[PDB]
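Here the structure is laid out as structure tokens; the discussion comes afterwards.
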Amino acid sequence: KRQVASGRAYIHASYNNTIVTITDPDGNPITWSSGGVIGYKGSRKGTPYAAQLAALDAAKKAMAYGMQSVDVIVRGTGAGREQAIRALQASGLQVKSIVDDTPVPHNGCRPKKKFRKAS
Amino acid sequence: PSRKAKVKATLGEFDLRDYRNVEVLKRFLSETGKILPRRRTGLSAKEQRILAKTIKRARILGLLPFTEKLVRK
Amino acid sequence: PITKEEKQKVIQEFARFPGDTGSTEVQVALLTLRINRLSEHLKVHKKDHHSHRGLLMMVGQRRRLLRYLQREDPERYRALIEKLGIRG
Amino acid sequence: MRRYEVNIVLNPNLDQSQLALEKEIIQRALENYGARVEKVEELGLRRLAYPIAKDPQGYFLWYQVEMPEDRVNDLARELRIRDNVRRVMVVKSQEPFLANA
RNA sequence: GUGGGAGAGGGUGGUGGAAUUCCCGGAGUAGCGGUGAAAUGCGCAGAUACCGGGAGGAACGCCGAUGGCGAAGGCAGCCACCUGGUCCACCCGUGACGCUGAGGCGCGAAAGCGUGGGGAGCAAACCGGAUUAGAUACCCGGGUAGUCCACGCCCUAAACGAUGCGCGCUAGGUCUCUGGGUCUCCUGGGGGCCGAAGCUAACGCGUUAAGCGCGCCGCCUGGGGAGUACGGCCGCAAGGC
Ligand SMILES: [K+]
Ligand SMILES: [K+]
Ligand SMILES: [Mg+2]
Ligand SMILES: [Mg+2]
Ligand SMILES: [Mg+2]
Ligand SMILES: [Mg+2]
Ligand SMILES: [Mg+2]
Ligand SMILES: [Mg+2]
Ligand SMILES: [Mg+2]
Ligand SMILES: [Mg+2]
Ligand SMILES: [Mg+2]
Ligand SMILES: [Mg+2]
Ligand SMILES: [Mg+2]
Ligand SMILES: [Mg+2]
Ligand SMILES: [Mg+2]
Ligand SMILES: [Mg+2]
Ligand SMILES: [Mg+2]
Ligand SMILES: [Mg+2]
Ligand SMILES: [Mg+2]
Ligand SMILES: [Mg+2]
Ligand SMILES: [Mg+2]
Ligand SMILES: [Mg+2]
Ligand SMILES: [Mg+2]
Ligand SMILES: [Mg+2]
Ligand SMILES: [Mg+2]
Ligand SMILES: [Mg+2]
Ligand SMILES: [Mg+2]
Ligand SMILES: [Mg+2]
Ligand SMILES: [Mg+2]
Ligand SMILES: [Mg+2]
Ligand SMILES: [Mg+2]
């Protein structure tokens, strides 16, 4: 109930899941999707195919709002990041620019033992 | 890799200790705000060591980026 | 810190004759200067040990020089001590 | 008595009156701490690599002075008291170190 | 002494950006998280993902190295102040003033202790979910001390080059950090690698000796019992010697 037609697509990809938030040019969410939004439940959410399904689902949900062109922002390393990019490539949406915003600290906080041997 | 060009050979004679100069210093930063390594900058030990300092100085003054978003991909 | 003019002042003060830089009196004088200043620095900044080591070393040097001085000429030793107010 | 460089960034949205006031306060505080001003450079307002205090740009001054060491930090602290002042960086002067010579 | 240099050497005060957590607000809705696979857990009192603001603590990405400094422990955002050591040049001054060093005194990672603060993240103990024949564990979810600051204790370690300090002497080559110079190179100081002579049980060491010598200190005398017992000294205790 907006008619935006130009917006941003945030792909957040970890090894456990891939979730895609599509928003207006000011960054306020319109629709979102994930591995779990689609039928997948367990580890299968962290799959590239699941990321394709998530991206496509989010995209069609966005085009329902009348979306046309998006700017893609990628955060996180994991399977299905590039497959989410690849799905969004032609979803019917036009991808304008792709950017990797993945947040990295300047060594502020002590990571969990699993992530250690670093800071 | 990345032997295509070096920053020291690219420009002329410049003061490394001047933090107020953005045009020169921007060349030593990467695509992101990161400071380029030796093989990229072409500088020497002492030179690089000074460049780091003046770059960080400029960063505090709001003249240089601490970090940037990577495009393309 | 210690400027050039202070150092020169004390050097020309304790010299045995004009031109003298490194005679024992001058050395003990300089060492006294640095020791005093450093001790003042250490009254505050009590947590700075690495400088305190420097102090120990300087004191040791001064003591060795003075010991040598009293071994050689006792008169100059009495004079130097009375002048610098060291030892009491 | 050492030679320092004072860096000051102000609010780019300032009108002439308030800006003149700010620079007056800067001069006054400078002389109050006993700093003779060797020279000055007004670079005007420039673009910032990252927003400082919600502003995309900022007004840059520059000073080269000779002042007593003991007061230096205080001087800096003084310049920070103002609300319109964003960044203050006091740097000891140094001979220019060149490259490609 | 004079002139000059490099440096994460130390202490005090400031200050910057990234990120994490929490809080407020916007937009949005059915999950998020996590694993080998899962469950606990969190989420319709609206989470996750996204944007804006705020609060607070801790650590400083790139530079960054095979690098530097320090007696060792150890030291890394940036700015100033206070301060230690050290190297080179000049060949100016004193004229053996030297070396080592039982005992003493000081310093001494982490953990630990005392009093008071602080507490974002992490996390012994603990509380749970899994796995397992069991699982007082590995894996997952929470989580207190603690980790941070001030003052005072504690005195340990694979406190390691497993190599006490100082001086003299004995082929070179190669890379490197930092001075100087008639600057492709020569000459000091430091860090590495390969190697003459020689040493070594061998591995290896080899002008940064584990070579050739001199001086002084510490130490060893088969394994287990045992770094235990007893005594003494130190400590608030743990405990240390
Ligand atoms: K030992
Ligand atoms: K007792
Ligand atoms: Mg999963
Ligand atoms: Mg050249
Ligand atoms: Mg330092
Ligand atoms: Mg909210
Ligand atoms: Mg409801
Ligand atoms: Mg709090
Ligand atoms: Mg050393
Ligand atoms: Mg070590
Ligand atoms: Mg010094
Ligand atoms: Mg002579
Ligand atoms: Mg003579
Ligand atoms: Mg000794
Ligand atoms: Mg200790
Ligand atoms: Mg501790
Ligand atoms: Mg405590
Ligand atoms: Mg746990
Ligand atoms: Mg936890
Ligand atoms: Mg308690
Ligand atoms: Mg070792
Ligand atoms: Mg060599
Ligand atoms: Mg050498
Ligand atoms: Mg060498
Ligand atoms: Mg041989
Ligand atoms: Mg060898
Ligand atoms: Mg026996
Ligand atoms: Mg026995
Ligand atoms: Mg045994
Ligand atoms: Mg024991
Ligand atoms: Mg023991």
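Chain labels follow the order of the structure tokens: the first chain is A, the next B, and so on; residue numbering restarts at 1 in every chain, and ligands are counted from 1 in their shown order.
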Can you check which residues of chain B have any atom within 6 Å of chain D? Use only C-alpha atoms and format it as a PDB file with N, CA, C and O atoms, in the first residue's frame.
```pdb
ATOM      1  N   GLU B  13      57.335  15.027  -5.726  1.00  0.00           N
ATOM      2  CA  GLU B  13      57.930  15.276  -4.417  1.00  0.00           C
ATOM      3  C   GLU B  13      56.931  15.928  -3.463  1.00  0.00           C
ATOM      4  O   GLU B  13      56.458  17.038  -3.706  1.00  0.00           O
ATOM      5  N   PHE B  14      56.624  15.238  -2.369  1.00  0.00           N
ATOM      6  CA  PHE B  14      55.575  15.673  -1.450  1.00  0.00           C
ATOM      7  C   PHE B  14      55.976  15.465   0.001  1.00  0.00           C
ATOM      8  O   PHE B  14      56.782  14.591   0.306  1.00  0.00           O
ATOM      9  N   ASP B  15      55.394  16.258   0.894  1.00  0.00           N
ATOM     10  CA  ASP B  15      55.682  16.135   2.315  1.00  0.00           C
ATOM     11  C   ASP B  15      54.823  15.041   2.937  1.00  0.00           C
ATOM     12  O   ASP B  15      53.596  15.108   2.903  1.00  0.00           O
ATOM     13  N   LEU B  16      55.482  14.037   3.505  1.00  0.00           N
ATOM     14  CA  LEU B  16      54.796  12.918   4.136  1.00  0.00           C
ATOM     15  C   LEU B  16      54.237  13.321   5.490  1.00  0.00           C
ATOM     16  O   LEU B  16      53.305  12.700   5.998  1.00  0.00           O
ATOM     17  N   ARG B  17      54.815  14.365   6.069  1.00  0.00           N
ATOM     18  CA  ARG B  17      54.472  14.776   7.425  1.00  0.00           C
ATOM     19  C   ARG B  17      53.319  15.791   7.455  1.00  0.00           C
ATOM     20  O   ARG B  17      52.929  16.272   8.523  1.00  0.00           O
ATOM     21  N   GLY B  62      38.768  14.348  10.279  1.00  0.00           N
ATOM     22  CA  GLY B  62      37.598  14.194   9.438  1.00  0.00           C
ATOM     23  C   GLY B  62      37.920  14.355   7.968  1.00  0.00           C
ATOM     24  O   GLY B  62      37.025  14.414   7.126  1.00  0.00           O
ATOM     25  N   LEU B  63      39.210  14.432   7.663  1.00  0.00           N
ATOM     26  CA  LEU B  63      39.680  14.567   6.287  1.00  0.00           C
ATOM     27  C   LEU B  63      39.761  13.257   5.504  1.00  0.00           C
ATOM     28  O   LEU B  63      39.595  13.249   4.288  1.00  0.00           O
ATOM     29  N   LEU B  64      40.037  12.158   6.200  1.00  0.00           N
ATOM     30  CA  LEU B  64      40.161  10.850   5.561  1.00  0.00           C
ATOM     31  C   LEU B  64      39.206   9.833   6.180  1.00  0.00           C
ATOM     32  O   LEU B  64      38.836   9.953   7.347  1.00  0.00           O
ATOM     33  N   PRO B  65      38.776   8.841   5.386  1.00  0.00           N
ATOM     34  CA  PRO B  65      37.852   7.812   5.871  1.00  0.00           C
ATOM     35  C   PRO B  65      38.552   6.812   6.774  1.00  0.00           C
ATOM     36  O   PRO B  65      39.702   6.456   6.520  1.00  0.00           O
TER      37      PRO B  65
END
```
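Residue-level contact on chain A: within 9 Å of chain B, counting only C-alpha atoms, the set is residues 97, 98, 99, 100, 101 and 102 of chain A.
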Computed interatomic separation between atom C1' of residue E:62 and atom CA of residue B:36 (Å): 7.4 Å
All residues 8 Å or closer to residue E:50, only C-alpha atoms (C1' of nucleotides), same chain fewer than 4 positions away omitted, as an NGL selection string: :A and (10 or 21 or 23 or 27-29)
Interatomic distance (Å, one decimal) between atom CA of residue D:2 and atom CA of residue D:66: 5.3 Å
Apply DSSP to the backbone of this structure and, from chain B, keep only the residues in alpha helix (DSSP H); write these as a compact mmCIF listing (two decimals) with N, CA, C and O atoms, in the first residue's frame.
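The result, stored in states.txt:
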```txt
# COMPACT_ATOMS: atom_id res chain seq x y z
N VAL B 7 52.43 3.76 -5.69
CA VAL B 7 51.97 5.10 -5.36
C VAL B 7 53.11 6.12 -5.28
O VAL B 7 52.92 7.30 -5.60
N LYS B 8 54.28 5.67 -4.85
CA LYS B 8 55.44 6.55 -4.70
C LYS B 8 55.97 7.01 -6.06
O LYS B 8 56.43 8.15 -6.20
N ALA B 9 55.91 6.13 -7.04
CA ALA B 9 56.37 6.44 -8.39
C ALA B 9 55.33 7.24 -9.17
O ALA B 9 55.65 7.90 -10.16
N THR B 10 54.08 7.19 -8.72
CA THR B 10 52.97 7.85 -9.39
C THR B 10 53.01 9.37 -9.22
O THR B 10 52.79 10.12 -10.17
N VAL B 22 44.75 16.24 1.54
CA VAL B 22 43.91 15.10 1.24
C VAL B 22 44.27 14.47 -0.10
O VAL B 22 44.31 13.25 -0.22
N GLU B 23 44.53 15.30 -1.10
CA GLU B 23 44.74 14.83 -2.46
C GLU B 23 45.89 13.84 -2.58
O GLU B 23 45.79 12.85 -3.30
N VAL B 24 46.98 14.11 -1.87
CA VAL B 24 48.11 13.20 -1.88
C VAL B 24 47.79 11.94 -1.09
O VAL B 24 47.99 10.82 -1.56
N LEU B 25 47.27 12.13 0.12
CA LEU B 25 47.10 11.02 1.05
C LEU B 25 46.06 10.01 0.60
O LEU B 25 46.15 8.83 0.94
N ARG B 38 53.05 -2.10 1.91
CA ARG B 38 54.28 -1.60 1.31
C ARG B 38 54.35 -1.85 -0.20
O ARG B 38 54.64 -0.93 -0.96
N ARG B 39 54.08 -3.08 -0.62
CA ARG B 39 54.18 -3.44 -2.04
C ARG B 39 53.26 -2.59 -2.90
O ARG B 39 53.51 -2.40 -4.09
N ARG B 40 52.18 -2.10 -2.32
CA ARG B 40 51.28 -1.21 -3.03
C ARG B 40 51.76 0.25 -3.00
O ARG B 40 51.66 0.95 -4.01
N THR B 41 52.25 0.70 -1.86
CA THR B 41 52.67 2.09 -1.71
C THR B 41 54.04 2.36 -2.30
O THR B 41 54.34 3.48 -2.73
N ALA B 45 60.58 1.57 4.87
CA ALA B 45 60.23 1.34 6.26
C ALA B 45 59.84 2.64 6.96
O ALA B 45 58.68 2.83 7.35
N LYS B 46 60.82 3.53 7.10
CA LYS B 46 60.63 4.80 7.78
C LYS B 46 59.50 5.64 7.16
O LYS B 46 58.62 6.13 7.87
N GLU B 47 59.53 5.77 5.84
CA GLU B 47 58.49 6.49 5.12
C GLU B 47 57.09 5.97 5.45
O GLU B 47 56.21 6.74 5.83
N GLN B 48 56.89 4.66 5.32
CA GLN B 48 55.60 4.03 5.59
C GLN B 48 55.17 4.30 7.02
O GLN B 48 54.02 4.64 7.30
N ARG B 49 56.13 4.16 7.93
CA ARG B 49 55.88 4.38 9.34
C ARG B 49 55.40 5.81 9.61
O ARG B 49 54.58 6.03 10.50
N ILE B 50 55.90 6.78 8.85
CA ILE B 50 55.47 8.17 9.01
C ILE B 50 54.09 8.40 8.37
O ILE B 50 53.23 9.12 8.91
N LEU B 51 53.91 7.79 7.21
CA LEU B 51 52.66 7.90 6.47
C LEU B 51 51.49 7.40 7.29
O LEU B 51 50.44 8.03 7.32
N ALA B 52 51.68 6.27 7.96
CA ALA B 52 50.62 5.72 8.81
C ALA B 52 50.18 6.77 9.82
O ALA B 52 49.00 7.08 9.93
N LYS B 53 51.16 7.33 10.53
CA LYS B 53 50.88 8.35 11.53
C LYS B 53 50.10 9.53 10.97
O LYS B 53 49.06 9.90 11.51
N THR B 54 50.59 10.12 9.88
CA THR B 54 49.91 11.31 9.37
C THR B 54 48.53 10.99 8.80
O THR B 54 47.61 11.81 8.87
N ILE B 55 48.37 9.79 8.27
CA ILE B 55 47.07 9.35 7.79
C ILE B 55 46.08 9.23 8.94
O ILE B 55 44.97 9.74 8.85
N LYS B 56 46.48 8.57 10.02
CA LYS B 56 45.62 8.46 11.19
C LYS B 56 45.26 9.84 11.73
O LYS B 56 44.11 10.10 12.13
N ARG B 57 46.25 10.75 11.73
CA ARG B 57 46.01 12.13 12.13
C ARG B 57 44.89 12.73 11.30
O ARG B 57 43.92 13.26 11.84
N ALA B 58 45.02 12.64 9.98
CA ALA B 58 44.03 13.20 9.06
C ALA B 58 42.67 12.56 9.28
O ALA B 58 41.63 13.21 9.14
N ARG B 59 42.67 11.28 9.63
CA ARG B 59 41.44 10.57 9.89
C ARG B 59 40.73 11.21 11.07
O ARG B 59 39.52 11.39 11.03
N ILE B 60 41.47 11.55 12.11
CA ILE B 60 40.85 12.21 13.25
C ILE B 60 40.23 13.56 12.88
O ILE B 60 39.15 13.91 13.36
```
Expected answer as number ranges by chain: chain E residues within 8 Å of chain D, only C-alpha atoms (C1' of nucleotides): E: 14, 79-81
Selection near residue C:3, 12 Å with only C-alpha atoms (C1' of nucleotides), sequence-local residues under 3 positions removed, as JSON, numbers by chain: {"C": [6, 7, 8, 9, 10, 33, 34], "D": [1]}
Give me a file of those residues, with C-alpha atoms, as a compact mmCIF listing (two decimals), in the first residue's frame.
```
# COMPACT_ATOMS: atom_id res chain seq x y z
CA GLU C 6 71.16 25.21 32.68
CA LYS C 7 73.61 22.44 31.85
CA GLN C 8 76.18 25.00 30.72
CA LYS C 9 75.56 27.04 33.87
CA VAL C 10 76.37 24.14 36.18
CA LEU C 33 71.23 17.76 38.68
CA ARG C 34 69.64 14.82 36.89
CA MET D 1 58.40 27.84 24.78
```
Chain B contacts on chain E, only C-alpha atoms (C1' of nucleotides), 7 Å, as a PyMOL selection string: chain E and resi 16-17+62-63+78
Selection within 12 Å of ligand 11 by only C-alpha atoms (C1' of nucleotides) and all ligand atoms, output as a PyMOL selection string: (chain C and resi 1-2+51+54) or (chain E and resi 5-7+9-10+83-87)
Neighbours of chain E in chain C at 6 Å, counting only C-alpha atoms (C1' of nucleotides), as an mmCIF file with C-alpha atoms, in the first residue's frame:
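What landed in iface33.cif:
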```cif
data_model
loop_
_atom_site.group_PDB
_atom_site.id
_atom_site.type_symbol
_atom_site.label_atom_id
_atom_site.label_comp_id
_atom_site.auth_asym_id
_atom_site.auth_seq_id
_atom_site.Cartn_x
_atom_site.Cartn_y
_atom_site.Cartn_z
ATOM 1 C CA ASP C 20 86.869 21.798 31.553
ATOM 2 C CA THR C 21 83.896 19.611 30.626
ATOM 3 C CA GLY C 22 84.526 16.086 31.880
ATOM 4 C CA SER C 23 86.387 16.439 35.191
ATOM 5 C CA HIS C 45 54.283 9.366 39.177
ATOM 6 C CA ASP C 48 56.787 4.666 37.048
ATOM 7 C CA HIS C 50 61.329 2.048 34.528
ATOM 8 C CA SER C 51 62.506 5.578 35.332
ATOM 9 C CA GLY C 54 67.433 4.958 35.773
ATOM 10 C CA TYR C 68 87.116 7.617 43.549
#
```
Selection as number ranges by chain: residues within 10 Å of ligand 6 by only C-alpha atoms (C1' of nucleotides) and all ligand atoms: E: 23-27, 46-47
Which of chain A DSSP labels strand (DSSP E), written as a ChimeraX atom specification: /A:6-13,18-23,29-33,69-75,94-100
Closest contacts (chain E/ligand 3, max 10 Å, only C-alpha atoms (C1' of nucleotides) and all ligand atoms) as CSV:
```
residue,atom,partner,partner_atom_place_in_ligand_line,distance
E:32,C1',ligand 3,1 (Mg),9.7
E:33,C1',ligand 3,1 (Mg),7.8
E:34,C1',ligand 3,1 (Mg),6.7
E:35,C1',ligand 3,1 (Mg),8.0
```
